[PDB]
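Shown next as structure tokens: one chain only, the form solved without its partner chain.
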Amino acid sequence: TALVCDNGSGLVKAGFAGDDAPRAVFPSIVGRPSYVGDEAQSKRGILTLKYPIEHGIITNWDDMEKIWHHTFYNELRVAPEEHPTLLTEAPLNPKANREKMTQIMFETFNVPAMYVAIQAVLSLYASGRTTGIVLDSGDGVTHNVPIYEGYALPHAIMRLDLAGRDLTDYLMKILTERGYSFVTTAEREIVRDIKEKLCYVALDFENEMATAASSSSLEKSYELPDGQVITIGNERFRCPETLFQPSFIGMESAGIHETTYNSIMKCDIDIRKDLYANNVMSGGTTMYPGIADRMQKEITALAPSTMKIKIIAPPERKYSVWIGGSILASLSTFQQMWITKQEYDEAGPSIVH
């Protein structure tokens, strides 16, 4: 059985091709007083943590190996030399980076075969399409990736360094401004939970602010680990509003609607209608209730007055990259695409592109 390993900036998602979900989901962290993932989390108080995947790109290769070794031996309990292994990489991952990933897989782990797929392309596949534009928003990075018949269009790809971890930090900030105190790393973990549980994207931000200001209809309660119950009001929607107004955290970037539009505008005029009609959301930071409807409204306002816009937001989009890899690796038509160890031994580094 082939393995699928989706290396995220915050979370590793890993499992077996043919399964409908990753068997293992754990943090992409390595800790020293070494420990990986959950074992590093459970010893948080005495460890210093490193994140080898920085904004989607692998930057610390020694620690990345530790993550991969942990994935195979501790999480999946497999010998890597026995399984073809599909790995994922960020949009615009440098060629040398991909080559190094490949070298480690073949030379350190001795995999019999491998393949490296672009994350957003796999999410597109998981939605049953080969043409469209993906918004992939994760923990450390957000990308817009337009794709034509399987090919990610590199000149049109946009990277935004605003994602899940920034939204968490911003919710800590504004909850504290309300009169709580969320500051410490343990308090960050609590706020991350509040974010995932109680936040949403308002269809109209100014209206939603007025509603919250006049009544308590939008309020929710939340029980802290120690039992103290607290109240979340307009923070519920001001937090993910940041995606649409990066100025909220002092960033000058256009918001996710405008970056989607700008990305489409960099593509060949003749494919743009297909992109607008096939906008797919993916990644954990696209999970906010209300996001698909807000994106529909926002892109309609930017796009030619006639254009047909469609947002696709799968329920399982926090795992759609992984799912796409699971589908792909299961196709009989894909089996000729694996890069084998024999092939790499002869052809060398070059073969992976």
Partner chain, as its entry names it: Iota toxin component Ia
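Residues that one form lacks are left out of the comparison. Rigid core here is just the name for the largest C-alpha set that superposes within 1.5 Å across the two forms. Positions refer to the first chain, counted from 1.
J.: Look at the stretch from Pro33 to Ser34 and count the residues of the deposited sequence that the entry does not model, then pick none, 1 to 3, 4 to 9, or 10 or more.
T.: Missing in between: 10 or more residues.
J.: Between 51-59 and 281-289, name whichever shows the higher mean Cα B factor according to the PDB entry.
T.: Averaging CA B-factors over each stretch, the winner is 51-59.
J.: Would you tell me which stretch averages the higher CA B-factor in the PDB entry, 207-215 or 119-127?
T.: Stretch with the higher mean C-alpha B-factor: 207-215.
J.: By the CA temperature factor listed in this entry, which of these ranks top: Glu189, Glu82, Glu89, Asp139?
T.: Spelled out: the listed residue with the top C-alpha B-factor is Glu189.
J.: Out of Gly150, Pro112, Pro146, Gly179, which residue has the highest Cα temperature factor in the PDB record?
T.: So the option with the highest C-alpha B-factor is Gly179.
J.: Would you check the entry's CA temperature factor for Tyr344 and let me know if it's in the chain's lowest, middle or highest third?
T.: Highest third - that is where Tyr344 ends up once the chain's C-alpha B-factors are sorted.
J.: By the recorded C-alpha temperature factor, relative to the other modelled residues in its chain, which third is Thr259 in?
T.: Lowest third of the chain for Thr259's C-alpha B-factor.
J.: Per the entry's values, where does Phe248 land by CA temperature factor relative to the rest of its chain, in the lowest, middle or highest third?
T.: Answer is highest: the recorded C-alpha B-factor places it there.
J.: What third of its chain's C-alpha B-factors does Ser305 belong to: lowest, middle or highest?
T.: Answer is highest: the recorded C-alpha B-factor places it there.
J.: Place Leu328 in the lowest, middle or highest third of its chain's C-alpha B-factors, as listed in the PDB entry.
T.: According to the entry, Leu328 has a C-alpha B-factor in the chain's lowest third.
Below, we turn to the form deposited with its partner chain bound, even though it does not appear here.
J.: When the contact criterion is heavy atoms within 4.5 Å, does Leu87 count as touching its partner chain in the deposited bound form?
T.: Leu87: no, not in contact with its partner chain in the deposited bound form.
J.: Select from 255-282 the residues with a non-hydrogen atom within 4.5 Å of its partner chain in the deposited bound form and write them out in sequence order.
T.: Result: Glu258, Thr259, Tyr261, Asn262, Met265, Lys266.
J.: With the two forms fitted on the rigid core, I'd like to know which residue in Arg44, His69, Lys297, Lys310 is displaced by 2 angstroms or more at its CA between the shown form and the other one.
T.: Everything else stays below 2 Å; the exception is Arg44.
J.: Hey, quick one: aligning on the core, which runs of at least three residues have all their CA atoms off by 2 angstroms or more between the shown form and the other one?
T.: Run 41-47 stands out as the only one displaced between the shown form and the other one - at least 3 residues long.
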